[PDB]
Amino acid sequence: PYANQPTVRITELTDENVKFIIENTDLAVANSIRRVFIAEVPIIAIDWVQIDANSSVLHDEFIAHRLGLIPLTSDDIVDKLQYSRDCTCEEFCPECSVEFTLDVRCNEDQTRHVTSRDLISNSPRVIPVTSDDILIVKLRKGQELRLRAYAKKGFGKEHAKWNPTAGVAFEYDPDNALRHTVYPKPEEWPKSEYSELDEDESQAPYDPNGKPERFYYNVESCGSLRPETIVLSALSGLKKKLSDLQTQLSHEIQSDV
Amino acid sequence: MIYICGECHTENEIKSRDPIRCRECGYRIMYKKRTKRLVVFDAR
Amino acid sequence: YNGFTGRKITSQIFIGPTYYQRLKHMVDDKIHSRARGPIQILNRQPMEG
Amino acid sequence: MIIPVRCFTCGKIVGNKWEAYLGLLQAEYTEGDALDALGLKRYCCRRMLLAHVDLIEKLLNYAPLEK
Amino acid sequence: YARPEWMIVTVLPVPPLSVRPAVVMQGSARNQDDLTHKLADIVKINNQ
RNA sequence: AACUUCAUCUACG
Ligand SMILES: CO[C@@H]1[C@H](O)[C@H](n2cnc3c(=O)nc(N)[nH]c32)O[C@H]1COP(=O)(O)OP(=O)(O)OP(=O)(O)O
Ligand SMILES: [Zn+2]
Ligand SMILES: [Zn+2]
Ligand SMILES: [Zn+2]
């Protein structure tokens, strides 16, 4: 009647990728951890843009869109920063946001590639993952881009600009033994990388009593958060959602009594 | 207001009820020039 | 794999990169509603368009 | 018009890779080999660079409205 | 209700202005309905 | 507290 004790084994750990395996866990818990990876890990991204002068070919809201999609280093202070709704101050302040500035003019004849490097942050911890560079616009001679931006904490449920991850690879039952997928012709199907079968055997024998366990994850970071801390923050955020749910549930049960 | 010229790209100030001709080029197509008030764009 | 539950979809699904076009017909241009609006002079009936 | 930041399907940053892609194509690399060198693995990300048409260069030919 | 003589037109009914509204443009001008122009022609010929 | 008509053409299911 109680929760199982899950186990984690990390196979690969690189600045861009974490490959790990979670065993003795439910499919629902595993899938929802993946789901939180994608949508419920807080990150910092530009959400306020004010363009003083835009003589580039791209219109203002195009530039704003591209600026929002630019990743920003959010390793440490995203936990410290508050949401704009939570912050007491009106509009935005150093606690709820980070300010960026762009002042580029193409005085020279050669085309000026405005990059993420040209974005200058008021706080050193958030930088546009520059330490090539993301190209915001190309400026012909006599064309100028000037803008001020504010970056706020948020998660990917709001907007895909706040996705901390690129691709979450989730696989269970590498050799089809639970028959969750029924191949019409099993031999035509390529083997998984995690498959332990011999080359002759296309599918493992049907396990009637089996349950999905030993889930395999490959989480690729977008560079804003380290791939390890994406997973840690996802676990902590899911735990916090459950705890908030429990608090509200206890309050309503007390109210009913 | 101040209207930028279509061809020579030089700002010229034209009063109301005045013919639309840029000084020093004579082009008859002017552009109103961007507003001072600033509009907030959500990056979304 | 099913996005909501994580279980493998039993029938393997045909996926690939196909070229798609956004046609000019958009819902915002077509949504319309009328409630005691402007009325024609000759017929004194609701207007058209 | 300009290389999109982030692949639509997954979200890996592809915006910084267009100039390097063009340089590697100039080197001798085939499109596939350049895409591999840039690190693009999934066909979703390779579609972003492979199918991209850079119109910003054609638009930059026209003279700016204000100089 | 209908005598054969009444079929021959000796008096022409002129419809009310509701039937033939005056189409106004910008207050600068007032176009007249086709019926108004035809009635003007009829009145001119009748006066002649 | 509030903007005509004709005519044509082009699209939509
Ligand atoms: C199925 O019948 C409908 C209706 O009868 C109505 N309709 C459409 N055009 C007209 C018209 O000119 N005059 C009248 N009176 N009715 C009309 O449209 C018909 C079908 O037309 P379609 O054959 O193109 O439908 P796809 O089979 O093409 O559907 P996809 O796969 O594109 O969604
Ligand atoms: Zn604040
Ligand atoms: Zn001029
Ligand atoms: Zn991709």
Side-chain angles (χ1 to χ4, degrees), chain A residues 57-65 159-160, chain B residues 1-4 6 13-21 28-42 44, chain C residues 3 9 11 13-49, chain D residues 1-2 4 8-9 44 47-48 51-56 58-59 61-62 65, chain E residues 7 9 11-48:
Chain A
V57 185
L58 313 172
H59 47 285
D60 319 328
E61 33 263 31
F62 191 103
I63 296 281
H65 171 242
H159 192 262
Chain B
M1 311 298 298
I2 309 177
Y3 304 105
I4 319 174
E13 307 180 3
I14 291 182
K15 68 169 187 58
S16 298
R17 207 177 308 270
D18 182 76
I20 302 154
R21 288 182 54 86
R28 297 175 181 268
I29 304 184
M30 299 295 109
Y31 295 98
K32 175 75 179 58
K33 181 183 178 184
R34 195 180 175 92
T35 182
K36 295 178 182 180
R37 75 211 298 186
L38 290 183
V39 177
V40 166
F41 302 98
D42 260 20
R44 307 177 170 189
Chain C
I9 291 175
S11 302
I13 291 181
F14 189 58
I15 304 193
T18 319
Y19 194 77
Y20 255 74
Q21 317 161 314
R22 184 177 186 192
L23 309 190
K24 68 163 178 298
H25 320 279
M26 294 171 297
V27 56
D28 276 351
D29 300 332
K30 295 151 178 301
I31 182 170
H32 186 56
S33 48
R34 164 69 182 251
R36 300 210 310 276
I39 257 180
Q40 310 166 214
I41 309 180
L42 181 51
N43 309 337
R44 276 183 173 76
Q45 287 184 350
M47 301 188 74
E48 177 183 5
Chain D
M1 290 167 60
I2 193 165
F8 301 147
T9 295
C44 67
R47 156 208 54 173
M48 285 286 108
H52 174 68
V53 170
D54 206 29
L55 275 155
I56 190 80
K58 316 305 166 189
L59 306 175
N61 287 330
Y62 300 93
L65 201 64
Chain E
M7 295 189 306
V9 177
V11 168
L12 185 69
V14 173
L17 293 171
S18 312
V19 175
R20 41 188 191 90
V23 179
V24 179
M25 281 188 296
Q26 296 180 354
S28 71
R30 296 184 72 106
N31 301 10
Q32 296 166 357
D33 212 357
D34 296 359
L35 290 186
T36 310
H37 297 300
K38 203 57 176 183
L39 288 164
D41 297 353
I42 295 175
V43 173
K44 293 172 188 180
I45 306 303
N46 201 24
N47 296 341
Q48 294 177 8

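Any value given below was found using the heavy atoms of this structure, including those in side chains, with hydrogens, waters and symmetry copies removed. In the text below, chain A, chain B and the rest are named by the order of the sequence lines, each starting its count at 1.
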Original post:
Would you say the side chain of B:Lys32 lies within less than 4.5 Å of the side chain of B:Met1, judging by non-hydrogen atoms?
Top reply: yes

Report, one line per pair, each donor and acceptor closer than 3.5 Å where one atom sits in a side chain of residues 19-32 of chain C; sequence neighbours left out.
none

**OP:** Heavy atoms under 4.0 Å is the rule here; annotate nucleotides 4-13 of chain F 5' to 3' with B where the base is hit, S where only the sugar-phosphate is, and - elsewhere.
**Re:** B------SS-

Original post:
Taking all atoms of both residues into account, what is the closest heavy-atom pair of D:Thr9 and D:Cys44, and its distance?
Top reply: CB-CB, 3.7 Å

Original post:
Are the side chains of A:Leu58 and D:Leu59 in touch, meaning some heavy atoms are under 4.5 Å apart?
Top reply: no

**OP:** Assess whether atom CZ of C:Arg34 is packed by more than 12 heavy atoms of other residues, nucleotides or ligands within 6.0 Å.
**Re:** yes

